[PDB]
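Each chain is listed here by its residues.
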Amino acid sequence: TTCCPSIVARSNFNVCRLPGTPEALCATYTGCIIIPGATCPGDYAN
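Residues numbered from 1 in each chain as written, not as in the entry; some residues may be left out. Heavy atoms only, no water.

- Structure determination for this PDB entry was carried out by solution NMR, as recorded in the header.

Written out as structure tokens, the structure is:
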């Protein structure tokens, strides 16, 4: 489950994808989260 608590974070997170960066790296800096489970609510799945 790849989640993020804000559109602002989500945006630059996906922007970090385009240079060929692993979400793992981007999430950890951006603020987004990559969790094995945990069905994120509508404020973390944004």
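### A closer look at the state of the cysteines
Item 1. Overall, the coordinates contain three disulfides when judged by the stated rule.
Item 2. Covalently, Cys4 is tied to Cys32 through a disulfide, its sulfur atoms 2.0 Å apart. Disulfide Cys4-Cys32: the torsion about the S-S bond is -65°, which places it as left-handed. Here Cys32 lies in the loop between helix 2 (23–30) and strand 2 (33–34) and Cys4 lies in the loop between strand 1 (2–3) and helix 1 (7–15), a separation of 28 residues in the sequence. Comparing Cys4 with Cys32 shows no difference in burial state: the two are buried.
Item 3. Here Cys16 engages in a disulfide with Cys26; their sulfurs sit 2.0 Å apart. Taking the torsion about the S-S bond as the criterion, the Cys16 to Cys26 disulfide, at about -65°, is left-handed. With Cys16 in the loop between helix 1 and helix 2 and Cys26 in helix 2, the pair connects residues that are ten residues apart, well separated along the chain. Each member of the pair, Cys16 together with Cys26, is buried. (Disulfide = S-S within 2.5 Å. Helix = DSSP H or I, 4+ residues; strand = E, 2+ residues; numbered from the N terminus. Buried < 20%, exposed > 50% of the residue type's maximum accessible area, 1.4 Å probe, protein only.)

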